[PDB]
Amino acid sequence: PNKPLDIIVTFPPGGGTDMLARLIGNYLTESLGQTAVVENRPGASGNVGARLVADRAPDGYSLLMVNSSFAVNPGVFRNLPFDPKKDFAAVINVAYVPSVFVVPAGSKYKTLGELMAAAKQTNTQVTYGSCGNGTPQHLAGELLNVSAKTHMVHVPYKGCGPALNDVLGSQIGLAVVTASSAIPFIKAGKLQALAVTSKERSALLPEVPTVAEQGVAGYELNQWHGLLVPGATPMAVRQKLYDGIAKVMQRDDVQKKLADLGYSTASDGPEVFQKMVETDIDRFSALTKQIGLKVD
């Protein structure tokens, strides 16, 4: 590393992806001795930032901060301006966060099972908010529909903040948002959590069951957050970046901060993370093909 790194964030400030990129950038600047400049390029669900990095030199100085949305995009954009498998190479996955099905304090829905019963029939009017059209949160509700054979109607919000405001005020009866956004409200008893979308609980919500354990067997949709580089970046460079970032993630202060927020820390490396990206691309594409979703 001999000039600044340029870390391009696919989502705007206020969300977990930007938070983690800026947390990494902060400690990376400290170590290895050049500014890791962090910048948000969030246009078209991260596609603007992705195309930008796809076109940078494969030298390790240009990185893309992603979440699972990156794997959703190939299935929901008609004409993606890059090859989401070939044009990127994974460096590190640093954190998971489950989604959570949340309802207002005093909602008639006491369990996920009650919600699914309410939404079993076709025409029907059980709406759920999400963090946005084509988000992993949106797809968590659609996956439940497909897996549980229910008919909940998706109402998108511009991020988790606005979705939470409407469930907080009972303007909508239900939303799917990230655990990290929702946890303070759930602890405060302003919201109730019906399920988490990970394979196992949560950690900060030990009394909230997974969707799978309620029982929609095989259901999971955990959002990852990590860094990619241009597809041709040699493995030695990916490993050098990996080593540095993993050292940041290993910090006590970093681990505590994330855990307190409801992030599950991770450190999947170049090979493992690359496999996860490609596997999720395939899986999400299959789901959004079933439900017929295009975002453009």
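Start at 1 and count along the sequence shown; that's the residue number.
Here 35-43 and 50-58 are compared by their mean Cα B-factor, and 35-43 comes out higher. Annotation for 225-233 versus 262-270: the higher mean temperature factor (C-alpha) is found in 262-270. The entry lists C-alpha B-factors for 216, 89, 152, 160, and the highest of these is at 216.
Out of 148, 176, 72, 95, it is 148 whose C-alpha atom has the highest B-factor in the PDB entry. In the deposited entry, the Cα temperature factor of residue 66 sits in the bottom third of values across the chain's modelled residues.
Among the modelled residues of its chain, residue 28 has a C-alpha B-factor that falls in the highest third, as given in the PDB entry.
Per-chain ranking of the deposited C-alpha B factor places residue 76 in the middle third. Sort the modelled residues of the chain by CA B factor and residue 240 lands in the middle third. For residue 208, the recorded CA temperature factor ranks within the highest third of the chain's modelled residues.
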